[PDB]
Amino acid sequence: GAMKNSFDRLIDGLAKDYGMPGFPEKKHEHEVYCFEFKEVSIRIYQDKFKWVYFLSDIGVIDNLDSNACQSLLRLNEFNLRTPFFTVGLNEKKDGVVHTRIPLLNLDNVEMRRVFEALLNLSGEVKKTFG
């Protein structure tokens, strides 16, 4: 309800600064909404239990496997930071970085930060492991 309006402002806002989003098909279960902002390779999903998700695609990375795999999977070290960005590998060895956050009592302004934060992180990660 208040969460709906909040989630809307988020979207509305990203549309104005990244243009119209794309609307992929219901892939995952419990999924109810999915907006794809292709310019920045980020997808926003909304759980059926009111959780918003941010998925970013870093892209492909060749070689380096044993090389830096660790330093990569080392980015998942524990810490008490809000919106933690998990770094993982796609179903085809492709860079992927996401987060999830309940919508209850979370305004669009923070969701934007989370989003932006996610962008920047994808940047930094992209320009290191290629």
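Sequential numbering from 1, following the sequence displayed.
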{"item": "Residue stretch of maximal mean CA temperature factor, 93-101 vs 59-67", "value": "59-67"}
{"item": "Average Cα temperature factor in the PDB entry - higher stretch of 46-54, 24-32", "value": "24-32"}
{"item": "Chain third (lowest, middle, highest) by recorded CA B-factor, residue given as residue 80", "value": "lowest"}
{"item": "B-factor third for the C-alpha atom of residue 123 within its chain", "value": "middle"}
